[PDB]
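Protein chains in written order, with the deposited numbering: chain A, 4 to 156; chain B, 4 to 156; chain C, 4 to 156; chain D, 4 to 156.
Note sheet for the following structure.
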């Protein structure tokens with residue numbers, strides 16, 4: 004089923020954010036794309052936009068998220084600090100596919116200063132169209148992540 | 004100053020783990036390397052080994068960690084669930100460098116089914132020898148990650 | 004139509020060559036896979052094996068080639084020295100796809116010390132199943148490569 | 004010794020070409036940077052610009068070249084068709100380093116639709132500052148490439 008996508012970014016992606024939104028829409032796999040990054044040419048702090056996208060997902064306003072910074076890495080760290088969210092840094096087709104098949108990730112994290120736009124297109128299209136694999140071992144690992152999060156409190 | 008490194012992995016890296024430990028030692032940037040992945044040829048669950056390395060760092064038994072799974076992504080997610088830890092998935096020199104310069108990451112997460120061994124060598128050597136940049140904006144972002152983690156509780 | 008694949012490599016891929024051949028066979032897109040790299044654990048020179056694969060293609064013993072060295076780069080250079088051959092270094096899905104769509108490459112060049120095995124699987128499967136795009140501009144560029152080669156003599 | 008660099012590209016890099024030239028200059032490793040790609044916003048054919056850069060090197064107007072297309076791959080193929088030129092497609096630090104250490108490449112080939120700009124910065128700086136390794140085995144392989152080229156005629 005197509006997905007409701009929340010897209011957040013910092014200023015690193017401000018120049019390209021509409022191009023990225025266009026990819027999401029053109030993928031066929033989104034029923035809605037919501038932009039929650041900066042709407043001005045200002046420097047901003049990626050954790051703040053990570054939090055916007057995480058909270059959209061947690062409140063059921065979006066099903067899936069994409070977070071864009073210079074490398075993806077800050078986005079990945081900040082998003083994973085939210086209880087109930089699994090955020091995957093992906094930089095190619097295989098990481099995009101396995102972040103869904105194995106890690107059943109809610110959020111795709113990408114870098115616009117590291118990945119070119121055609122690679123970002125493939126990553127997005129793969130992430131949005133890949134389902135978590137039915138073999139029980141990957142789900143069991145995901146459940147262990149949940150146990151860690153709960154224990155951390 | 005050379006660092007005390009905790010290396011954890013799942014079974015994806017079992018075949019290569021001693022080669023990876025050898026890289027860490029040969030880098031010149033480690034005063035000690037401790038292996039905390041599997042010591043048998045069994046299937047295991049990466050979150051369990053992520054937790055070992057996180058807890059080594061948090062207890063001051065290691066200064067820095069390296070976590071290895073098939074892609075790095077599961078390691079990144081699981082490690083970031085620990086309070087006080089920032090875990091960076093890196094797949095090249097620039098991500099290794101910026102994970103330290105900008106995100107001041109405690110843990111390097113890599114994939115042995117995605118990155119070849121010479122790329123892993125460069126990633127490791129860069130991660131272990133790069134310091135966090137003194138411009139205040141990156142530290143401020145890191146502090147925001149801490150605030151998120153604290154709020155999540 | 005499935006393809007007849009000649010696989011060549013230097014000693015960098017000797018440990019993994021049968022795993023790579025297995026991927027080619029499992030792709031569904033090969034009617035035959037022929038190994039023309041080293042069948043011993045000796046150091047060898049990649050141009051010699053590049054030439055084997057190039058000559059297989061030129062004589063019609065294979066339709067397509069895969070060349071494996073530490074990075075792919077030496078293979079790419081050496082193969083491209085053959086008249087009538089276009090050899091593409093690929094390291095992800097998008098380069099594999101466009102090396103066929105745009106550059107209509109005969110030979111895939113990969114690095115086993117740079118690309119992990121699951122990325123190599125995706126590269127191979129994509130390269131073998133992607134056809135050259137019908138828009139005339141890419142073919143025209145390919146024809147210009149032919150003119151350069153002919154002029155060089 | 005700093006190098007005289009010829010930079011060529013097709014229209015894929017037209018938007019970013021001055022940013023790339025700026026990187027080359029800022030690297031410290033160039034005594035001159037000459038742009039030989041398109042100076043208009045028109046569609047063009049990458050082999051034509053590959054040839055410009057190859058001929059600059061062969062005539063001694065430049066010491067080294069950088070060629071930029073959407074992926075690098077077309078540039079790599081076309082440049083390698085010139086007698087006396089070795090052209091390396093690079094997408095990270097390790098490929099940049101080994102393209103010089105091992106393959107003693109004259110031309111760096113990069114993709115602006117595949118590699119982000121910070122990765123391109125690292126690639127360029129590494130390529131321009133890395134010398135060919137003195138162990139005889141890599142030079143001997145390079146000499147074999149020369150023999151192939153001569154035989155092809």
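Beta carbons: idealized from backbone N, C-alpha and C, even for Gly.
### Task
With a threshold of 16 other CB atoms inside 10 Å of the CB of residue 157 (chain B), please say whether the residue is buried or exposed.
In the structure displayed, chain B extends from 4 to 156; residue 157 (chain B) sits before or after that span and is not available.
### Message
List, in chain order, every chain B residue whose beta-carbon is nearer than 7 Å to that of residue 102 (chain A).
### Response
Residues of chain B passing the Cβ test: 76.
### Task
Name the residue from C:59, C:92, C:73, C:87 whose alpha carbon lies nearest to the alpha carbon of residue 127 (chain C).
Of all alpha-carbon atoms in C:59, C:92, C:73, C:87, the one lying nearest the alpha-carbon of residue 127 (chain C) is that of C:92.
### Message
Let me confirm a value: residue 74 (chain A) is counted as buried when at least 16 other C-beta atoms fall within 10 Å, else exposed. Which label applies?
### Response
Classified as buried, residue 74 (chain A) has 16 or more neighbouring CB atoms from the shown chains inside 10 Å of its CB.
### Task
Would you grab the beta carbon distance between residue 37 (chain C) and residue 65 (chain C) for me? Rounded to a whole angstrom, and I think it's under 8 Å.
6 Å between Cβ atoms; contact.
#### Entry: residue 152 (chain C): contacting residues in chain B (beta-carbon distance under 7 Å)
In chain order: nothing, as chain B lies at least about 31 Å away.
### Query
Can residue 76 (chain A) and residue 98 (chain B) be called in contact, C-beta distance under 8 Å?
By the CB criterion at 8 Å, residue 76 (chain A) and residue 98 (chain B) fall inside the cutoff.
### Message
Given this structure, state the Cα-to-Cα distance separating residue 7 (chain D) from residue 130 (chain D), to the nearest angstrom.
### Response
Straight-line Cα distance between these residues: approximately 13 Å.
### Task
At 7 Å on the CB atoms, spell out the chain D contacts of residue 117 (chain A), in chain order.
Neighbours of residue 117 (chain A) on chain D, chain order: 119, 121, 122.
### residue 114 (chain B): contacting residues in chain C (beta-carbon distance under 7 Å)
Those are 119, listed as they occur along chain C.
### Query
Using a beta-carbon distance below 8 Å, is residue 97 (chain A) in contact with chain C?
Taking Cβ atoms only, chain C reaches closer than 8 Å to residue 97 (chain A), which makes this a yes.
### Task
Spell out the partners DSSP gives residue 9 (chain D) in its beta bridges.
Bridge partners of residue 9 (chain D): D:37, D:68.
### Task
Under the assumption that residue 94 (chain C) contacts residue 144 (chain D) (Cβ atoms under 8 Å), give the Cβ distance between them as a whole number of angstroms.
Between residue 144 (chain D) and residue 94 (chain C) the Cβ distance is about 21 Å, and since that is not below 8 Å, they are no contact.
### Query
In three-state DSSP terms, what is residue 136 (chain D)?
Three-state result, residue 136 (chain D): coil.
### Query
Span of the beta strand (DSSP E) holding residue 77 (chain C)?
For residue 77 (chain C), there is no enclosing beta strand (DSSP E); the enclosing alpha helix (DSSP H) covers residues 76-83.
### Query
Measuring CA to CA, which of A:72, A:39, A:121, A:85 is closest to residue 141 (chain B)?
Cα-wise, what sits closest to residue 141 (chain B) is A:72.
#### Entry: C-beta contact flag for residue 96 (chain B) and residue 96 (chain D) at 8 Å
Going by beta carbons, residue 96 (chain B) and residue 96 (chain D) fall inside the 8 Å limit.
### Query
Which residues in the same chain have their Cβ closer than 7 Å to the Cβ of residue 134 (chain C), if we skip the five residues on either side of it in sequence?
Excluding sequence neighbours, residue 134 (chain C) sits near 103.
### Cutoff 6 Å; reference residue 35 (chain C); Cβ partners in own chain excluding five residues on either side
Contacts found: 7.
### Task
List the whole-angstrom C-beta distance separating residue 119 (chain D) from residue 47 (chain A), where the pair is believed to meet the contact cut-off of C-beta under 8 Å.
That pair is no contact at about 19 Å.
### Task
Take residue 81 (chain B) and list the residues in its own chain whose beta-carbon comes closer than 6 Å to its own, dropping the five residues that flank it on each side.
Taking residue 81 (chain B) as the centre and dropping the five residues before and after it, the same chain places the C-beta of 50, 53 closer than 6 Å to its C-beta, in chain order.
### Message
Tell me the rounded alpha-carbon separation between residue 4 (chain D) and residue 30 (chain D).
### Response
The alpha-carbon of residue 4 (chain D) is positioned some 13 Å away from that of residue 30 (chain D).
### Message
Can you tell me where the beta strand (DSSP E) holding residue 90 (chain B) begins and where it ends?
### Response
Note, residue 90 (chain B): beta strand (DSSP E), 90-92.
### Query
Using 8 Å as the limit for Cβ to Cβ distance, is residue 142 (chain D) near chain A?
Cβ-Cβ to chain A under 8 Å: no for residue 142 (chain D).
### Query
For residue 142 (chain C), does the three-state DSSP call read helix, strand or coil?
Taken through DSSP and simplified to helix, strand or coil, residue 142 (chain C) comes out as helix.
### Task
Tell me whether residue 46 (chain D) sits in a helix, a strand or coil according to DSSP, three-state version.
Three-state result, residue 46 (chain D): coil.
#### Entry: Rounded straight-line distance, which links the Cα of residue 137 (chain D) to that of residue 57 (chain C)
If you draw a straight line from the Cα of residue 57 (chain C) to the Cα of residue 137 (chain D), it comes to about 29 Å.
### Message
Taking a contact to mean a Cβ-Cβ separation below 8 Å, would you say residue 68 (chain B) touches residue 11 (chain B) in this structure?
### Response
For residue 68 (chain B) and residue 11 (chain B), yes; Cβs fall inside 8 Å.
#### Entry: Contact list for the region 67-92 of chain B against chain C, Cβ threshold 9 Å
Per Cβ criterion, the list reads 73, 74.
### Task
Answer with buried or exposed for residue 139 (chain A), where buried requires no fewer than 16 other C-beta atoms within 10 angstroms of its C-beta.
Under the 10 Å beta carbon count, residue 139 (chain A) is surrounded by fewer than 16 other beta carbons and is classified as exposed.
### Message
Please classify residue 146 (chain B) as buried or exposed, where buried requires at least 16 other C-beta atoms within 10 Å of its C-beta.
### Response
Looking at its Cβ environment, which holds fewer than 16 other Cβ atoms inside 10 Å, residue 146 (chain B) is exposed.
### Query
Are there 16 or more other CB atoms within 10 angstroms of the CB of residue 40 (chain A), so buried, or fewer, so exposed?
Residue 40 (chain A) should be labelled buried.
### Terminal residues of the beta strand (DSSP E) in which residue 114 (chain A) lies
If you look at residue 114 (chain A), you'll find it in the beta strand (DSSP E) that goes 110-114.
### Message
If you reduce the DSSP assignment to three classes, tell me which class residue 102 (chain D) lands in.
### Response
Residue 102 (chain D): helix per DSSP, three-state reduction.
### Query
Does the distance from the CB of residue 89 (chain A) to the CB of residue 106 (chain A) come in under 8 Å?
Against a cut-off of 8 Å, the Cβ pair of residue 106 (chain A) and residue 89 (chain A) comes out as a contact.
### Task
Would you kindly work out how many angstroms separate the C-alpha atoms of residue 1 (chain A) and residue 61 (chain A), rounded to a whole number?
Outside the displayed span of chain A (4 to 156) sits residue 1 (chain A), for which this structure offers no information.
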